[PDB]
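Have a look at the structure below before the remarks.
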Number of protein chains: 2
Amino acid sequence: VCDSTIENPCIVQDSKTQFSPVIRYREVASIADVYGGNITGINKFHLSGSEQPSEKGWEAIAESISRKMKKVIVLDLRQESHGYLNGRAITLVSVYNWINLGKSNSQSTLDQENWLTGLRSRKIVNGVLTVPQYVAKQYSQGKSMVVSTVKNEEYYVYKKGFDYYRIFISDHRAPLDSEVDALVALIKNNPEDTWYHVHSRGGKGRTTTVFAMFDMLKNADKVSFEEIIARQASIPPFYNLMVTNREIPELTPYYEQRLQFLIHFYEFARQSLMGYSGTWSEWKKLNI
Amino acid sequence: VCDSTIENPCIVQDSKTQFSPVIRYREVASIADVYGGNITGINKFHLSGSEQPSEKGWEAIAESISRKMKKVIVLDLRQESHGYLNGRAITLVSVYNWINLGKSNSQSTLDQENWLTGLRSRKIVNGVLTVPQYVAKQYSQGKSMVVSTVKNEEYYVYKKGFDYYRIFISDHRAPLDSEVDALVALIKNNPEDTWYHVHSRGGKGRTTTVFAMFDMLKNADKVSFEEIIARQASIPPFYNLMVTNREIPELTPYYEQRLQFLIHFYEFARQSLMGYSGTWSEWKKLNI
Ligand SMILES: O=P(O)(O)O[C@H]1[C@H](OP(=O)(O)O)[C@@H](OP(=O)(O)O)[C@H](OP(=O)(O)O)[C@@H](OP(=O)(O)O)[C@H]1OP(=O)(O)O
Ligand SMILES: O=P(O)(O)O[C@H]1[C@H](OP(=O)(O)O)[C@@H](OP(=O)(O)O)[C@H](OP(=O)(O)O)[C@@H](OP(=O)(O)O)[C@H]1OP(=O)(O)O
């Protein structure tokens with residue numbers, strides 16, 4: 001039985017079933033129809049986001065993207081190990097969902113796939129908790145499930161003809177410099193018409209952070225910091241990156257640091273649109 | 001001005017810039033995390049591949065290989081003459097990229113280095129075409145570039161501490177018997193832990209062919225022909241050697257012949273794992 005430590009992490013089932021719908025799907029361009037302030041540079045984005053989809057959720061997302069259309073890149077923002085059991089999204093959860101905190105991206109991927117390979121070799125997976133059970137610390141009341149399939153996200157992304165690219169952001173936290181560099185390079189290294197579907201575990205904090213980063217990279221020289229953050233918060237689920245006191249108070253330092261990073265990324269983006277040609281890591285060394 | 005004939009071949013720049021990233025890097029071992037069928041004998045391969053890297057691409061490849069680790073052998077599969085101008089990968093292109101077709105490997109190397117030496121003696125190289133320009137037959141719209149450096153691949157491979165070994169495969173075609181012999185001997189003559197980075201021009205046809213050959217040599221006695229080909233097609237760029245009708249229909253005969261060779265190489269590999277001790281050329285004489 002798990003105990004949410006890194007030594008005995010929990011299998012937590014994020015999808016209620018393999019048919020569960022996507023509840024936090026949205027397209028950034030819709031901000032132009034809801035936000036009452038500066039909407040300059042919004043309505044042309046090829047950018048959607050969501051929480052972690054179920055098997056069926058990927059179908060709905062693919063259909064949504066096709067209706068709004070080039071290349072489609074699914075942007076997985078999750079550092080933590082995750083995958084699918086019988087079409088249901090699952091996560092390997094330690095306290096604050098930081099199972100892979102402090103690891104190289106190579107080790108994070110290795111640990112995830114070693115875990116998924118282990119589950120895949122079993123006929124029965126025990127100790128599968130729902131999110132309510134995990135929150136309630138009912139570590140021994142998990143269910144035993146006959147294994148039909150165990151898959152990583154790539155399996156479902158590849159099946160839709162999309163690319164998969166992972167940015168290893170720790171839950172509740174700002175991206176590390178390596179991952180900022182990687183995101184900026186990805187955007188620069190792909191056509192401007194590329195569609196990105198950004199997702200995290202909950203489609204809230206990390207997803208909205210990256211939405212804001214996209215917005216700044218394109219518009220920081222014609223839209224104020226406050227309006228970029230505000231307009232990103234204007235569409236459901238209305239995630240406001242200005243808020244640093246949230247449901248879990250022990251996480252406030254990380255929300256404050258994440259907003260502080262966004263302040264600096266905004267200036268980096270603005271100066272980049274004005275002539276600066278280096279990377280985020282190079283700019284940060286000279287300016288912070 | 002060039003005209004894509006062997007008498008006036010074109011200088012074609014494969015790298016957009018000297019900083020262009022590697023877009024088709026993958027490791028064969030990853031098949032074990034994506035392929036839903038027989039994965040026996042995959043997860044221990046020390047095998048990566050890519051398209052022709054830019055100067056900077058070699059750095060990324062070296063870093064990738066170090067993260068997954070003995071000797072490292074860069075396996076250049078390209079018969080055609082190629083090199084680098086100011087850090088950008090370049091190719092001497094005749095129709096269907098067959099500038100060195102029918103030549104001995106010694107002559108191919110000689111012709112390449114005579115060409116590179118000629119470019120290196122110039123302060124300005126004229127007629128440098130991008131791939132789009134070449135495809136569009138805009139032979140006179142090439143750019144003139146001040147020569148900072150002209151290098152062969154060895155220069156960058158040696159700088160990373162890797163070995164360089166060339167297998168002279170014609171673009172779009174199966175390897176000739178001499179080159180099959182050479183590949184099999186190379187694998188046999190080096191430790192089983194040796195890391196191989198296999199690349200062609202596009203990191204598609206020739207690279208995937210050799211991936212399959214590696215797989216067969218180790219696993220043909222426990223994995224079916226169809227599953228070796230299928231599992232090699234399971235990871236990006238999803239090159240499926242079963243497909244013989246591709247973008248260019250005049251090349252279908254060569255794709256069919258390449259698949260036919262793989263059928264025979266599979267049997268050779270299987271019998272070799274079962275006791276046969278001769279070379280491919282010896283086996284082919286007795287069995288085809
Ligand atoms: O998946 P959910 O059940 O909807 O939970 C989300 C998820 O975090 P957890 O799943 O670990 O609880 C969000 O993170 P992302 O995967 O989208 O990055 C997190 O975002 P932040 O901590 O950055 O805010 C958010 O937190 P919050 O509620 O404060 O918005 C939290 O939501 P819930 O606590 O309501 O489940
Ligand atoms: O380098 P690319 O622009 O990506 O082109 C590649 C490259 O051929 P060319 O560069 O000469 O066009 C592949 O060859 P390799 O160097 O990897 O051996 C070739 O492989 P095949 O002809 O064997 O299939 C492939 O062809 P295809 O598209 O049919 O996969 C083709 O791709 P593109 O035509 O899309 O450029």
Side-chain angles (χ1 to χ4, degrees), chain A residues 12 14-15 23-24 49-52 76-80 82 89 91 93-99 130-132 134-135 167 169-175 198-211 237-241 243-252 254-255 258-259, chain B residues 12 14-15 23-24 49-52 76-80 82 89 91 93-99 130-132 134-135 167 169-175 198-211 237-241 243-252 254-255 258-259:
Chain A
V12 182
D14 302 297
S15 308
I23 59 165
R24 305 202 178 101
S50 75
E51 79 278 15
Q52 188 72 48
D76 181 3
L77 306 183
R78 306 179 62 185
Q79 179 185 60
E80 69 272 15
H82 69 102
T91 305
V93 181
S94 59
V95 63
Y96 300 118
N97 190 29
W98 287 337
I99 190 65
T130 71
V131 175
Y134 174 84
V135 173
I167 306 294
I169 307 181
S170 304
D171 202 351
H172 323 290
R173 298 197 186 195
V198 183
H199 76 86
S200 47
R201 188 186 182 188
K204 293 200 178 192
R206 285 172 289 184
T207 294
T208 309
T209 299
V210 168
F211 279 176
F238 312 109
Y239 196 90
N240 182 359
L241 293 155
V243 176
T244 55
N245 306 287
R246 305 193 64 97
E247 211 55 41
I248 297 141
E250 298 82 2
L251 296 179
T252 290
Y254 300 106
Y255 301 138
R258 182 181 64 190
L259 186 57
Chain B
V12 182
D14 302 297
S15 308
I23 59 165
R24 305 202 178 101
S50 75
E51 79 278 15
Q52 188 72 48
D76 181 3
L77 306 183
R78 306 179 62 185
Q79 179 185 60
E80 69 272 15
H82 69 102
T91 305
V93 181
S94 59
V95 63
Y96 300 118
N97 190 29
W98 287 337
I99 190 65
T130 71
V131 175
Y134 174 84
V135 173
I167 306 294
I169 307 181
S170 304
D171 202 351
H172 323 290
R173 298 197 186 195
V198 183
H199 76 86
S200 47
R201 188 186 182 188
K204 293 200 178 192
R206 285 172 289 184
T207 294
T208 309
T209 299
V210 168
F211 279 176
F238 312 109
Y239 196 90
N240 182 359
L241 293 155
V243 176
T244 55
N245 306 287
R246 305 193 64 97
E247 211 55 41
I248 297 141
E250 298 82 2
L251 296 179
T252 290
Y254 300 106
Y255 301 138
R258 182 181 64 190
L259 186 57

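Note that ligands are numbered from 1 as they come in the structure, with each ligand's atoms numbered from 1 the same way. A note on names: the letters A, B, ... follow the listed sequences, proteins ahead of strands, and every chain is numbered from 1.
Of the N and O atoms on the side chains of B:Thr91 and B:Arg78, at least one donor lies less than 3.5 Å from an acceptor on the other residue. For B:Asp76 and B:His82, the side-chain atoms include at least one donor-acceptor pair closer than 3.5 Å.
Annotation: side chain of A:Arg24 is not in contact with side chain of A:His199 (no heavy-atom distance under 4.5 Å). Residues A:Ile167 and A:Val210 are not in side-chain contact: their nearest non-hydrogen atoms beyond the backbone lie 4.5 Å or more apart.
Every residue two or more places apart in sequence or in another chain was checked for a ring pair (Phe, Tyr, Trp, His ring centres under 6.0 Å) with B:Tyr134, and none qualifies.
Scanning all heavy atoms of the two residues, the minimum distance from B:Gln79 to B:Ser170 falls at OE1-OG, 2.6 Å.
A heavy-atom cutoff of 4.0 Å around ligand 2 is satisfied by the protein residues B:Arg24, B:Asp171, B:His172, B:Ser200, B:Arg201, B:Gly202, B:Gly203, B:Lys204, B:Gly205, B:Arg206, B:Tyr239, B:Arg246, B:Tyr255, B:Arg258.
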